[PDB]
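Colleague: Once you've seen the sequence and the experimental structure below, I've got questions.
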Amino acid sequence: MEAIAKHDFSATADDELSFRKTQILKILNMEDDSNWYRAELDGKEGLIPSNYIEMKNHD
């Protein structure tokens, strides 16, 4: 499973994952939290805004 996120931001709280625009992020679980999503990166897990990403699986 893959999801993209284009926004270069620097998180506010420590449990807020920062990132770069157009980054390719790994997604862990989607469903009980449409607005808040749990993504993964290099092995580290974290909280972020699902609104800065979109599914790259149109097909």
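Modeller: On my side now, so go ahead. Residues are numbered from 1 along each chain as shown.
Colleague: Quick one: neighbours of the closest residue in space to residue 29 that isn't next to it in sequence, just the number.
Modeller: Excluding the flanking residues, the one nearest residue 29 by C-beta to C-beta, 6 or more residues apart in numbering is residue 38, at 5.6 Å. Using the backbone N, CA and C atoms, a C-beta is placed for each residue, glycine as well. Other residues near residue 38 come to 17 when the count uses other C-beta atoms under 10 Å.
Colleague: try the one 10 residues further on
Modeller: Here the neighbour count serves as a burial measure; for residue 48 (other C-beta under 10 Å) it reads 23.
Colleague: who's it bridged to?
Modeller: residue 37 (DSSP bridges).
Colleague: Correct me if wrong: it contacts residue 37.
Modeller: Yes: Residue 48 is within contact range of residue 37, at 5.9 Å (criterion: C-beta atoms under 8 Å).
Colleague: Look at residue 17 and say how many residues are nearby.
Modeller: Residue 17, neighbours per other C-beta under 10 Å, totals 21.
Colleague: Can you report how many residues lie near the closest residue to it other than its chain neighbours?
Modeller: Spatial nearest neighbour of residue 17, chain neighbours left out: residue 46 (3.6 Å); criterion: C-beta to C-beta, 6+ apart. Using other C-beta under 10 Å, the number of residues around residue 46 comes to 18.
Colleague: by contact count, what packs against whichever helix or strand residue 46 is part of?
Modeller: Per DSSP states H and E, residue 46 falls inside strand 44-49. Secondary-structure packing of strand 44-49 (3 or more C-beta pairs under 8 Å, 6 or more residues apart in numbering; DSSP states H and E): strand 36-41.
Colleague: Tell me which other helices or strands the strand it packs on touches.
Modeller: strand 23-29, strand 44-49.
Colleague: Identify the residues contacting the last one?
Modeller: Just to be clear, that refers to strand 44-49. 5, 15-17, 19, 25, 28, 35-40 (C-beta atoms under 8 Å, 6 or more residues apart in numbering).
Colleague: try it again with 7 Å
Modeller: 15-17, 28, 36-39 (C-beta atoms under 7 Å, 6 or more residues apart in numbering).
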